[PDB]
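# Commentary on secondary and tertiary structure
For reference, the chains in residue letters:
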Amino acid sequence: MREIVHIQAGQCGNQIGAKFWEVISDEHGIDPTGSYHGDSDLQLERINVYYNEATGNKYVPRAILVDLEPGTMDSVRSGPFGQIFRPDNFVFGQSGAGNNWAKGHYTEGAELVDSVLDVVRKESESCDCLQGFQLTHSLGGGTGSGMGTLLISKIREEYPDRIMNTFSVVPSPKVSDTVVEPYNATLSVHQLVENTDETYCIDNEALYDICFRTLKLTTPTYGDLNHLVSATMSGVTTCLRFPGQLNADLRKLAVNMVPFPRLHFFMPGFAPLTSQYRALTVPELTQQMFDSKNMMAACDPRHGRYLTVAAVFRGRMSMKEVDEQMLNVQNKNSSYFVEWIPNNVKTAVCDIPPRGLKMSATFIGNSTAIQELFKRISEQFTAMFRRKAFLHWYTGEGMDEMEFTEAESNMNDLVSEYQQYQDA
Amino acid sequence: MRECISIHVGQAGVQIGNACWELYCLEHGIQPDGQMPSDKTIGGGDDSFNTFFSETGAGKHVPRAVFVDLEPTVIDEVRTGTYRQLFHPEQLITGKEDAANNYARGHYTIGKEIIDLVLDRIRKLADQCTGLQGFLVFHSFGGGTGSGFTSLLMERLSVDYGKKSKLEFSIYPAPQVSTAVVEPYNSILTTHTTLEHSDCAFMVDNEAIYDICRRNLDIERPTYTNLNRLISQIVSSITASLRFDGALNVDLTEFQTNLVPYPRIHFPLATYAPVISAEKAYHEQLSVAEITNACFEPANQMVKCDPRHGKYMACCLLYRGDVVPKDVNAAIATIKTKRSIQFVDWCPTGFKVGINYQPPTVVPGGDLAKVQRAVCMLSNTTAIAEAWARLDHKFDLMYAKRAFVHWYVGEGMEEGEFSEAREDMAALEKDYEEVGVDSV
Ligand SMILES: Nc1nc2c(ncn2[C@@H]2O[C@H](COP(=O)(O)OP(=O)(O)OP(=O)(O)O)[C@@H](O)[C@H]2O)c(=O)[nH]1
Ligand SMILES: Nc1nc2c(ncn2[C@@H]2O[C@H](COP(=O)(O)OP(=O)(O)O)[C@@H](O)[C@H]2O)c(=O)[nH]1
Ligand SMILES: COc1ccc(CNc2c(-c3ccccc3O)nc3ccc(F)cn23)cc1
Ligand SMILES: [Ca+2]
Ligand SMILES: [Ca+2]
Ligand SMILES: [Mg+2]
Ligand SMILES: [Mg+2]
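Residues numbered from 1 in each chain as written, not as in the entry; some residues may be left out. Chains lettered and ligands numbered in written order. Part of a larger assembly, values for the part shown. Heavy atoms only, no water. Residues with missing side-chain atoms left out of burial classes, pairs and counts.

Looking at the method and resolution fields of the entry, one finds X-ray crystallography and 2.80 Å.

If you want it as structure tokens, here you go:
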């Protein structure tokens, strides 16, 4: 198990997905045209996980870029690292999806999906041992949300034994394109609960607050939020992209993180938060990554309990000190980790730090406090749905009110299920 | 692509198309003959201005539009006026005899003589389009052509183009400039027969515009030329999201998602600022906070109603010019604490913002000042139902005695249509009341 196939869908999907390929291409010594001008052999040892080798020792991202309009994807080709992506993997429609889940899932996107699956199958075939798929998308618009979840469903049909990962950007009124976002998100969460093994919940609420409160950006752009997203994505893929004892794969992650199959919504965290000169001591990384202020999902982990945790330290540091500090927070806050999964915190260290920082920590948590996120979206949803507001946009593409009711019910069930283990 | 076809019906529609298209030409640097120096791609292109203008091989940029009237006098002035070369003669369409302030003649008698010709020409523009977005229909409520031909056209357009989006800019009648006693009948008939076929409808109240011209521009007795120049500015602010590139530019359809919570509730209130004379704008730069604040002054509205005595369902701000998000957010924060803004309990209270960098322009020899920045607010308030109510009362006064009804019945209509239309407006008034009531 090595090769992953990456798909990015919609405005958000392709914006954050572009930053991901920018960040990791720098980490693996690949340049804006595709050539390797590195220095360490550790950079190329598992370059195969995310890149294909090409004619002339070029490395080509195993990346499929999907949108229902060409706006965002002409920007990706324009932008700093655009010329690296394989041009056949740009698969785009013309009319877009108007922030409408139904258009993504049932009408506009249905027209386009079979072409995306031909590129998926192309990349899937020239793979020694495919472990799975990761998708970047938001849940709030129509393409990345509705079409994205349509893809997932199709990929599962054709490759029912491979892993499915999402980086799924959850919406907030604090960073809001349209009033129908809670609808779109609730329709997609219903899909994600059934058809993914792992989902990283990137809440835009949490990114806005990190940007505002902790980084002193008064007027935060999507660029400022995506700076935080690509550093988190860099962190939660480190163990796949580098060595050397942890034979870490997506299946192993799924097995150890997910005690119950529907409860696979991970809260990510990063330390230190940036946009420095003083490197952080291991105690500080350990305090910071576990801090609510450093979570990429707007949930207080003190309101819930940690089912499982996976922590990843980057830089040159004492592993003695890393165990000591990781054991200190467990022993000093033991009520917040479930007694009925012994040794639920697993920690790893990797010598290569990220660009900029001498040392950093990335956190992956399956906390029951994630319910707060689904409760927040369940509330915004009901505010509108109890008066059937804005529904005509969805019923005009053939959807029924019963489908909204179903979806509202699955999410509220998810919330009940997370609440069940907080009290056990 | 994303092409938008404008259809201008009757005198008000036609004369407002002049104002608009004259304005768009100045906005994009298109000369009267149709040439555009700054366009290097000759014969065609994908540029944002191409949503409103096709290119010919000779370098002519040509409005994606059709002017239609049942008498030649108003369109003859486009055929011989400054911009006569801009339009292909087949875009400018006339009959010999008008509807005579009668919805019936505009819809049935004079109207059905020219309707196939109009759809045939609309079709010729629709086939120059690689991805047609929809139509923009400019017409008066009160005229016979504006009311009855438009209704017929809208019906027919729903047949030929399915659910392809249709926006109206509708001129709502006012006593200061009104031409006919029967305008309330025409208004209620067109409103009724158009309501299933229009996706969004910006009403413009001639009185509101008349008052703004007197008050803010110091114009003693405004003509139509005065009003249309102001209207074209508002129309331009709304269509500017379709005509310009921009990092912070939110498309108009995205605003529509927010503006229309149920099919029948599709009447946004517009409010524009600043409307100011050159005399008053000299040494008087108006900041983002001042023009934003001016959007919640109901004297700056396009329809005379009071949003303060009603409830909001959406609030969109379309800024153009020297504007950046920081200033906008600060301005909105100030307004939230200091002004009368109550949303319904089923809407989120966030204001949706869009920004075009191209600053607004002015037509040579006009009354508006050239300003560095400007803003159009589109709100969906229950207050706009006040406008339906005033007009519905005028209709009821006359309809109770059957005044003028014989002129409509003689051209083939029945009393059934009148009461069927009035009950639809009764229901619409009741809908705008229901949405405002809190949930349980
Ligand atoms: N704002 C504005 N209103 C106008 C203009 N011309 C006419 N009106 C108004 O429109 C209404 C009358 O309708 P018109 O558009 O003149 O009538 P028509 O559609 O040509 O119909 P007939 O002439 O009866 O066939 C009245 O309320 C007028 O004040 C104009 O250029 N601008
Ligand atoms: N963090 C982040 N959120 C985004 C970005 N672009 C859009 N969004 C959010 O994504 C949602 C809208 O989805 P979008 O991707 O534009 O729609 P789609 O293209 O139709 O899938 C809203 O919640 C936006 O705030 C981005 O670059 N970064
Ligand atoms: C109870 O928690 C876990 C147990 C096993 C695994 C499997 N592999 C893995 C991972 C890991 C796996 C896939 C992708 C990204 C990753 O960062 N990160 C760690 C850190 C420490 C460690 F011991 C294993 N890790 C994951 C979590
Ligand atoms: Ca289609
Ligand atoms: Ca061109
Ligand atoms: Mg968007
Ligand atoms: Mg006329």
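Having seen it, we continue.
## Thoughts on the site of ligand 2
All names here are of chain A. Quick note on the threshold: Throughout, near means a residue has at least one heavy atom within 4 Å of the molecule or strand. In the analysis that follows, any N or O atom pair within 3.5 Å is treated as a polar contact, provided that within protein one partner can donate a hydrogen and the other can accept it, and provided that, for residues neighboring in sequence, both atoms belong to side chains. The Shrake-Rupley method, run with a 1.4 Å probe sphere, supplies the accessible areas, and residue values consider only the shown protein chains as cover. We count a stretch as a helix when DSSP gives it H or I for four or more residues in a row; a strand needs E for two or more, and each element gets its number in order from the N terminus. When residues are grouped by polarity, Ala, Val, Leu, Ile, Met, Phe, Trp, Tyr, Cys and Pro land in nonpolar, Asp, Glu, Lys and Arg in charged, and all others, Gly among them, in polar.
As a matter of local geometry, ligand 2 sits amid 16 residues, with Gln11, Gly144, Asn204, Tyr222 and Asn226 nearest to it. The contact in question runs from an oxygen atom of ligand 2 to an N or O atom on the side chain of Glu181, over 3.5 Å. Its free accessible area being 580 Å², ligand 2 has 97% of it covered by the protein chains. At the level of secondary structure, the elements contributing two or more residues to the shell around ligand 2 comprise α1 (10–27), α5 (143–158) and α8 (222–241). Taken together, the residues of the shell around ligand 2 sort by class into four nonpolar, ten polar and two charged.

## Some details on the interface of chain A and chain B
Test applied: Working rule for contacts: check all heavy atoms of both residues, and any pair within 4.5 Å makes them a contact. Accessible surface is computed with a 1.4 Å probe, and the buried area is the amount of it that two parts give up when combined, taken over both parts together. One side-chain nitrogen of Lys or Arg within 4 Å of one carboxyl oxygen of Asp or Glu is enough to make a salt bridge.
Between chain A and chain B, the residue contacts involve 19 residues of the former and 23 residues of the latter. Carbon and sulfur atoms make up 56% of the surface buried where chain A meets chain B, a total of about 1700 Å² over both sides. In this structure, the connection of chain A to chain B is made through two salt bridges. Of the charged contacts, one joins A:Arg387 and B:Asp345 as a salt bridge, the two residues approaching to 3.9 Å between their closest N and O atoms. The tally of links from chain A across to chain B stands at ten residue pairs in polar contact. Secondary-structure elements contributing two or more residues to the side of chain A that touches chain B are α12 (371–385) and α13 (392–395) of chain A. Broken down by class, the residue content of the side of chain A that touches chain B amounts to eight nonpolar, seven polar and four charged.

## Regarding the packing of aromatic side chains
Let me state the cut-off plainly: Here a pair means two rings of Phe, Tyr or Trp (six-membered ring of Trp) with centres within 6.5 Å. Their orientation is stacked below 30 degrees between planes, edge-to-face above 60, and tilted elsewhere. Exposure categories follow from relative accessible area, calculated using a 1.4 Å probe and restricted to protein chains: below 20% of the type maximum is buried, above 50% is exposed, and the middle band is partly exposed. Here, over-ring charges are defined by two tests on the NZ atom of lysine or the CZ atom of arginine: distance to the ring centre within 6 Å, and angle to the ring normal within 35 degrees.
Scanning all chains against the criterion turns up 50 aromatic pairs over all chains. When the centroid spacing of 5.7 Å and the interplanar angle of 90° are considered together, the rings of A:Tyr183 and A:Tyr394 count as edge-to-face. When its relative accessible area of 0% is taken as the criterion, A:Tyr183 is described as buried. Seen from their ring centres, B:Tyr262 and B:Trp346 are 5.7 Å apart, and the 75° between their planes marks the pair as edge-to-face. With a gap of 84 residues between them, B:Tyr262 in the loop between α9 (252–259) and β9 (269–273) and B:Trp346 in the loop between α12 (325–338) and β11 (352–356) connect regions that are remote in the sequence. Ring-pair connections join several aromatic residues into one group, and the members of that group are A:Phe20, A:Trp21, A:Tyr50, A:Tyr51, A:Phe85 and A:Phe90. Over the ring of A:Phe90 we find A:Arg77; its NZ or CZ atom is 4.2 Å from the centre of that ring. The residue whose ring lies beneath B:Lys352 is B:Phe255, and the NZ or CZ to ring-centre distance is 5.7 Å.

## What to know about the UniProt feature "binding site: Mg(2+)" in chain A
Residue and element names in this part refer to chain A. To keep it simple, the criterion reads: UniProt positions are given in the numbering used here, feature names are shortened, and annotations may be inferred rather than shown by experiment.
Under the UniProt annotation, the feature "binding site: Mg(2+)" is placed at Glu69. Here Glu69 lies in the loop between β4 (63–67) and α2 (71–78). Those residues within four positions of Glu69 in sequence are excluded, and the remaining contacts are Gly93, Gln94 and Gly96.

## Focus on the site of ligand 3
All names here are of chain A. The environment of ligand 3 is made up of 18 residues, and the closest members are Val236, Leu246, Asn256, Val309 and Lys346. Within the backbone of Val309, one N or O atom sits 3.2 Å away from an oxygen atom of ligand 3. Its free accessible area being 540 Å², ligand 3 has 92% of it covered by the protein chains. Elements that contribute at least two residues to the shell around ligand 3 include exactly α8, α9 (250–257), β10 (306–314) and β11 (345–350).

## Section: the domain arrangement of chain A
All names here are of chain A. As a reminder, the rule being used: Each domain's extent was defined by an automatic or database domain assignment.
For chain A, the domain assignment lists domain 1 (1–259), domain 2 (260–369) and domain 3 (370–424). Each of domain 2 and domain 3 was reduced to a C-alpha centroid, and the two centroids are 30 Å apart. Contact residues are listed per partner, giving 21 residues for domain 2 and 14 residues for domain 3. For the pairing of domain 2 and domain 3, the buried interface totals around 1500 Å² over both sides, and the portion due to carbon and sulfur atoms is 53%.

## Points about the pattern of salt bridges
The full count for this structure, using the stated rule, is 46 salt bridges over all chains. The shortest N-O distance in the salt bridge between A:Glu339 and A:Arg305 comes to 2.7 Å. With A:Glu339 in the loop between α11 (319–332) and β11 and A:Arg305 in the loop between α10 (282–289) and β10, this residue pair connects regions lying 34 residues apart in the sequence. Taking the relative accessible area as the measure of exposure, A:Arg305 reaches 14% and is therefore buried. We note a salt bridge from B:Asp120 to B:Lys124, for which the minimum N-O separation is 3.8 Å. With a gap of four residues between them, B:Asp120 and B:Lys124 both fall in helix α4 (residues 115–126), about one helical turn apart. Given a relative accessible area of 38%, B:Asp120 falls into the partly exposed group.

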